[PDB]
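Working notes for the structure below.
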Amino acid sequence: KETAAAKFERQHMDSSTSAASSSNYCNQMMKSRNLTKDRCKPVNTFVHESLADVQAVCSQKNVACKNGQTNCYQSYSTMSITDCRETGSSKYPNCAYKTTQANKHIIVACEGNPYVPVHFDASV
């Protein structure tokens with residue numbers, strides 16, 4: 001069974017120097033990571049930092065989660081990310097995204113023992 005942590009690695013971790021693909025990063029990645037199985041996930045962020053750097057955010061700046069939980073953590077440093085937002089013409093199962101590369105502070109929900117990232121909440 002997939003842990004909440006393994007799920008966050010599947011949905012969000014793409015440890016890469018920058019962000020690379022053959023055609024359209026978001027179209028390929030949303031499909032290859034099973035984010036277009038049950039539906040086109042409308043928005044999804046991938047983080048191109050090491051797993052260690054991302055896990056470390058759970059000991060960085062404590063902020064409120066978008067849903068009102070207080071177990072969210074903002075990265076002290078900006079991180080190399082890519083945002084995937086479904087296009088207007090996107091129709092399942094042929095999910096179509098606009099790829100937006102950025103360098104921003106990530107906010108993640110941290111949970112468990114050990115205390116590790118389990119949701120991607122926002123970037124600032």
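Residue numbers 1 to 124, in PDB author numbering, belong to the letters of the sequence shown in order. Positions of the beta carbon are idealized from the N, C-alpha and C atoms, including for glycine.
With at least 16 other beta carbons inside 10 angstroms of its own, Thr45 counts as buried. Boundaries of the beta strand (DSSP E) around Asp121: 116-123. DSSP lists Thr82 as the bridge partner or partners of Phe46.
Taking C-beta atoms under 8 Å as the contact rule, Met30 and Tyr97 qualify, at a distance of about 6 Å. One thing to note: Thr78 has its Cβ no nearer than 8 Å to the Cβ of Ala19.
Of the residues assessed, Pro117 falls on the buried side of the cut-off, its CB having 16 or more other CB atoms within 10 angstroms. Using a 10 angstroms sphere on the CB of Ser75, the tally of other CB atoms reaches 16 or more, which defines it as buried. Counted as a single uninterrupted DSSP element, the beta strand (DSSP E) harbouring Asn62 occupies residues 61-63.
In the DSSP secondary-structure assignment, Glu2 is not bridged to any residue.
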